[PDB]
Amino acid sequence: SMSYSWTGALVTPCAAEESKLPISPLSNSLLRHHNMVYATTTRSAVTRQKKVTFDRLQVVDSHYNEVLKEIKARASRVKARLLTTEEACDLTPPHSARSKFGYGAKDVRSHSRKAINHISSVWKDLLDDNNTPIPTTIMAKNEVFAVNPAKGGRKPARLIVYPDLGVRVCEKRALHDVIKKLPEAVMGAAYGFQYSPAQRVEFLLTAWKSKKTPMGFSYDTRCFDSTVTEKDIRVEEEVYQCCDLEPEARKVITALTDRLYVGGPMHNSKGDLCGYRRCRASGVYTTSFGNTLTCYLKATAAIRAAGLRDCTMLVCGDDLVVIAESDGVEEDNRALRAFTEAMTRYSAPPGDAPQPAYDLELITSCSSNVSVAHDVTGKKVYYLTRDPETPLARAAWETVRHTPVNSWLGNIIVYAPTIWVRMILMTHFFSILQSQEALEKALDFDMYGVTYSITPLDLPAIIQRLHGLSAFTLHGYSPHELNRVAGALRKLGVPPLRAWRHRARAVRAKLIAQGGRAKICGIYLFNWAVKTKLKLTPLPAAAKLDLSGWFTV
C-alpha cells in the first residue's frame, strides 16, 4: 500500500512564514553568511509530499516474530492506569494547536468548562465508535536549519499530521501511563531518551570499551514515518494491549488505533481534503514511542538475521546506533549489508550508508557523538558533542527574531563542554544578555516538552551538576572535532575562534566587575579566554541541584 494518497489540494499556511534569515549587526556578529540559514515553509511541502509517498513491501520472518514474542512477554509486566481529564489537561503544552470546537490549549490547561466537556464527549465517542476515521490536519513545520551542501541546499518542510486538540487530550488519558512505563520495560538500556548527556557518554563509552575490537554504525531509515505500515501500527496496539489495562483504556486504545493511528483523512488549514494517510501520523502522542518500539523490534530481528556479534543498541525514535564485535573489515561490511537487507524486508530501507566505523567519535546517535578533550589534571575526558550547524543557525535566528523556541539555552546546557558552545554560543549570548542587562531575568527553556525557568546567572552550577567541573577547564580538543568545528565556522561565516577569544575577554571583564553570580560566570565560563591558570574549585550551588528528571521518560 501507498504511504499516502493525494487529492491535489495544497498544504496551506496559517502563519505568514519567513524563509530567509534577517540580516542584523547582532545576527551578523554571530554568522555572516545569512543566506545559508533558512526556515522551512509550506512552500516546499509539495517536495516533501513526493519524498514521503511510496509503496511499502513487508515480509515478516521467524526472527521478527521471535523478537515480537519477547516484547509482548516483557509488556505483560506493565500495569498502567487511565489519566483523569484534569491530569491529561495538565499534560497539554502551552502553544498546542487550538481545537476546531472553539477552545485552545490555554483553555485546556485552565481546565475550562467548555474545553473539558468537549474532551469528555470525544472520550465517550471513542468508547462508542471503533470505526469512523478521525479527521486530521496537515501542516508544514517551520523549522530553522543551515544549508547542507551535500544533502543539497535546503531541506523541504517536515509535515505534521495531527488530530483535533480534544482528541489529543484523549490520547494522553488512554496512553500516557502506557508510554511512560512500557519503553523501560521492553527496551531497558537501549531506550536513548532516558539518558542525560553525561549518561549517554557513559553508556556509549562503556559499550565501546566492552568489545574486544569494537565496530559501530548508525542506521538511518529513509522517511521512517512513511515506512511504518498498517500492520506495524496494529502490532504496536497488540503490544499496548499486553499491558494490564483498565477496560475503558482497552476500548479507547483500540478505537484510537483503528480510527486514528492506522490511517485516516488529511485536511489542510483551509479545511480542504488533501489526501489519505496509511502510515505513522507524525503529530500523535504515540509517534516517538511508536517509532522507538517499531525501530527496536525490526533492528533487533535484523541483528539476528545478519548474524551480528554481541550487539549493543541505542534507539531514539527512528534513530539507531549499534556497537558490536568486529569480525574483520570485509566480514563486518557483509554483516552490515545483511542487516540492511533484513531491515528493508521489514519495510525500513535506509537513506544513507550504513557504514562500519572503528572510532567511537565517528558514530552518530541522536544527532550527537562522543569526543575527547583533557581537563586540568591532564586527564582524558569524554563528552557529548554534535555538528554545530543547526544550533548556530537557530542561535542566529533567535538573536534576530525573539523566538517561540529558545533552543540556544537548551543547547548551551546540553553541550556546555563543547568547543563551539563555550567559545561561540556562550560568548555571543552573554554579550547580548549583559548589553540588555538581563543576566538576572529568568528565561524559559524546554526539555522533552517540559518547560523550565532558568536565569543566565545559574548556568555555571547547572553545567557543573550536569557535566562536572572539568567542563570549565577542557583543553586540547581532538583533531577531528577541531576540524569539524572549523569547517562549520568557515561554511557559515562565523568569525574564527581567535575572534571570540577576544570578544570573550571583554565579556569576561564586564562580568567579573559585577561580582556575585556574575563574577562566577566570568571566571568559570570564560577562563578559556584568558588562561589565568587559576584553580577552579567546585561551585557550592551545583550541590542543591537536581536535574535527573530533565532527561528521563
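For every residue, the number given is its place in the sequence shown, counted from 1.
Look at the mean CA B-factor for 305 to 313 and for 456 to 464 in the entry; the higher one is 305 to 313. Just going by the entry, 245 to 253 versus 197 to 205 on mean CA temperature factor gives the higher value to 245 to 253.
In the deposited coordinates, the residue among 173, 298, 428, 151 with the greatest CA B-factor is 151.
In this structure the maximum Cα B-factor among 188, 163, 94, 290 is found at 94.
Compared with the other modelled residues of the chain, the Cα B-factor recorded for residue 526 ranks in the middle third.
Residue 419: CA B factor in the lowest third of modelled residues in this chain (values from the PDB entry). Sort the modelled residues of the chain by CA B factor and residue 503 lands in the lowest third. In the PDB entry, residue 133 places in the highest third of its chain by CA B-factor. Among the modelled residues of the chain, residue 346 sits in the highest third by CA temperature factor in this PDB entry.
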